[PDB]
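Novice: First the structure, then my questions, so here it is.
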Amino acid sequence: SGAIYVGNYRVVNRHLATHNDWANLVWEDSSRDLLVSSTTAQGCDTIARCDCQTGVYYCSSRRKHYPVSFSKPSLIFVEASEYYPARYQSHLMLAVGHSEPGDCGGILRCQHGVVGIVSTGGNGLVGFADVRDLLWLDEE
Ligand SMILES: NC(=O)[C@H]1CCCN(C(=O)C2(n3cccn3)CCCC2)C1
Ligand SMILES: [Zn+2]
């Protein structure tokens with residue numbers, strides 16, 4: 001689990017969104033595994049606006065932050081699970097790292113701020129849903 005809190009927005013994995021998230025919905029995209037809801041209190045996270053390919057992510061199943069090299073946001077296959085059928089997930093970045101159930105929502109960050117959240121695992125792979133192109137998170 002985990003979320004990004006920027007301005008009056010809460011960014012979570014779409015597959016982990018609560019009823020309160022859906023009842024206060026700003027935007028959602030199943031192809032990206034992302035959902036944004038509105039918040040009463042202002043958050044402290046800042047979004048990175050960059051093309052970094054190195055950063056650090058939080059792994060809840062290890063209670064550890066790991067430095068990683070990650071790929072550019074792309075259209076990657078995610079093998080069926082109980083959340084989405086076989087398909088292609090967009091705006092996804094992969095790294096070698098550990099990711100196992102209980103781990104989505106962990107933040108990936110670079111020197112500029114938050115880059116995205118854990119969206120995949122298995123295989124000694126970590127997938128992150130990028131948020132750096134969502135410029136509207138910084139305003140209104
Ligand atoms: N983005 C998605 O489509 C993911 C939704 C949750 C399930 N997905 C995964 O990658 C699995 N996972 C690894 C670490 C955490 N979850 C792989 C093994 C079992 C579940 C796919
Ligand atoms: Zn950066």
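Convention: chains lettered A, B, ... in structure tokens order; per-chain residue numbering from 1; ligands numbered from 1 as shown.
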Any residue with an atom at most 8 Å from ligand 2 counts, using only C-alpha atoms and all ligand atoms. Which are they? Put them as a count of residues only.
Specialist: 14
Novice: Determine, using only C-alpha atoms and all ligand atoms, which residues of chain A have any atom at most 6 Å from an atom of ligand 1, and tabulate each with its shortest atom pair and distance in Å to one decimal place, rows ordered by chain and then rising number, as JSON lines.
Specialist:
{"residue": "A:33", "atom": "CA", "partner": "ligand 1", "partner_atom_place_in_ligand_line": "1 (N)", "distance": 5.9}
{"residue": "A:78", "atom": "CA", "partner": "ligand 1", "partner_atom_place_in_ligand_line": "3 (O)", "distance": 5.5}
{"residue": "A:81", "atom": "CA", "partner": "ligand 1", "partner_atom_place_in_ligand_line": "7 (C)", "distance": 5.7}
{"residue": "A:83", "atom": "CA", "partner": "ligand 1", "partner_atom_place_in_ligand_line": "5 (C)", "distance": 5.6}
{"residue": "A:84", "atom": "CA", "partner": "ligand 1", "partner_atom_place_in_ligand_line": "3 (O)", "distance": 5.7}
{"residue": "A:99", "atom": "CA", "partner": "ligand 1", "partner_atom_place_in_ligand_line": "14 (C)", "distance": 4.3}
{"residue": "A:100", "atom": "CA", "partner": "ligand 1", "partner_atom_place_in_ligand_line": "14 (C)", "distance": 3.4}
{"residue": "A:101", "atom": "CA", "partner": "ligand 1", "partner_atom_place_in_ligand_line": "15 (C)", "distance": 3.8}
{"residue": "A:103", "atom": "CA", "partner": "ligand 1", "partner_atom_place_in_ligand_line": "15 (C)", "distance": 5.4}
{"residue": "A:104", "atom": "CA", "partner": "ligand 1", "partner_atom_place_in_ligand_line": "15 (C)", "distance": 5.7}
{"residue": "A:119", "atom": "CA", "partner": "ligand 1", "partner_atom_place_in_ligand_line": "1 (N)", "distance": 4.5}
{"residue": "A:120", "atom": "CA", "partner": "ligand 1", "partner_atom_place_in_ligand_line": "10 (O)", "distance": 3.5}
{"residue": "A:121", "atom": "CA", "partner": "ligand 1", "partner_atom_place_in_ligand_line": "13 (C)", "distance": 3.2}
{"residue": "A:122", "atom": "CA", "partner": "ligand 1", "partner_atom_place_in_ligand_line": "17 (C)", "distance": 4.7}
Novice: For those residues, write N, CA and C atoms to a file as a CSV table (one decimal), in the first residue's frame.
Specialist:
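The file below, again26.csv, is the result:
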chain,number,residue,atom,x,y,z
A,33,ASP,N,-2.8,1.8,-14.3
A,33,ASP,CA,-2.9,1.5,-12.9
A,33,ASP,C,-2.9,2.7,-12.0
A,78,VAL,N,1.9,-6.9,-18.8
A,78,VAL,CA,1.8,-7.5,-17.5
A,78,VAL,C,0.9,-8.8,-17.6
A,81,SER,N,-3.2,-11.4,-13.7
A,81,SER,CA,-3.4,-11.5,-12.2
A,81,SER,C,-4.9,-11.2,-11.9
A,83,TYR,N,-6.3,-8.6,-10.9
A,83,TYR,CA,-6.5,-7.1,-11.0
A,83,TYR,C,-6.7,-6.6,-12.5
A,84,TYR,N,-6.1,-7.3,-13.4
A,84,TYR,CA,-6.1,-7.1,-14.9
A,84,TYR,C,-5.6,-8.3,-15.6
A,99,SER,N,9.8,-7.0,-5.6
A,99,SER,CA,8.5,-6.5,-5.5
A,99,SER,C,7.5,-7.7,-5.5
A,100,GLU,N,6.6,-7.9,-4.4
A,100,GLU,CA,5.9,-9.1,-4.0
A,100,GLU,C,4.7,-8.5,-3.4
A,101,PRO,N,3.7,-9.2,-3.4
A,101,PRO,CA,2.4,-8.7,-3.0
A,101,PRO,C,2.5,-8.1,-1.5
A,103,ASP,N,3.4,-4.9,-1.8
A,103,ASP,CA,4.4,-3.9,-2.1
A,103,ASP,C,3.9,-2.8,-3.0
A,104,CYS,N,2.8,-2.8,-3.8
A,104,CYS,CA,2.5,-1.6,-4.6
A,104,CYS,C,2.3,-0.3,-3.7
A,119,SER,N,4.1,-0.4,-9.2
A,119,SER,CA,3.0,-0.9,-9.9
A,119,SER,C,3.2,-2.5,-10.3
A,120,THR,N,4.4,-3.1,-10.2
A,120,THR,CA,4.6,-4.4,-10.5
A,120,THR,C,5.7,-5.1,-9.6
A,121,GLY,N,5.9,-6.4,-9.7
A,121,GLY,CA,7.0,-7.2,-9.1
A,121,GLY,C,7.0,-8.6,-9.7
A,122,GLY,N,7.7,-9.4,-9.0
A,122,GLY,CA,7.9,-10.8,-9.4
A,122,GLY,C,9.3,-10.9,-10.2
Novice: May I have all residues of range 16-99 of chain A that DSSP, computed from the backbone, assigns to strand (DSSP E or B), given as an NGL selection string?
Specialist: :A and (25-29 or 34-44 or 47 or 54-59 or 64-69 or 74-78 or 87-96)
Novice: Quick one: residues within 12 Å of residue 75 in chain A, only C-alpha atoms counted, chain neighbours fewer than 4 positions away excluded, as a list in words?
Specialist: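 Listed by chain and then number, they are residues 31, 32, 71, 87, 88, 89, 90, 91, 92, 93, 94, 127, 128, 129 and 130 of chain A.
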Novice: Please identify which residues in range 15-72 of chain A DSSP calls alpha helix (DSSP H) from the backbone, and express them as a PDB file with C-alpha atoms, in the first residue's frame.
Specialist:
ATOM      1  CA  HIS A  19     -14.604   3.706  -1.759  1.00  0.00           C
ATOM      2  CA  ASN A  20     -13.673   7.192  -0.434  1.00  0.00           C
ATOM      3  CA  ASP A  21     -11.184   7.548  -3.359  1.00  0.00           C
ATOM      4  CA  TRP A  22     -13.905   6.652  -5.934  1.00  0.00           C
ATOM      5  CA  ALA A  23     -16.406   9.008  -4.158  1.00  0.00           C
TER       6      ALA A  23
END
Novice: How far is it from CA of residue 68 in chain A to CA of residue 125 in chain A, in Å with one decimal?
Specialist: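 Between CA of residue 68 in chain A and CA of residue 125 in chain A the gap works out to 10.9 Å.
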Novice: For CA of residue 65 in chain A and CA of residue 1 in chain A, determine how far apart the two atoms are, in Å to one decimal place.
Specialist: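 Atom-to-atom, CA of residue 65 in chain A and CA of residue 1 in chain A are spaced 14.9 Å apart.
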Novice: If I take CA of residue 102 in chain A and CA of residue 61 in chain A, how far is one from the other in Å, to one decimal?
Specialist: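 We find that CA of residue 102 in chain A and CA of residue 61 in chain A lie 6.8 Å from each other.
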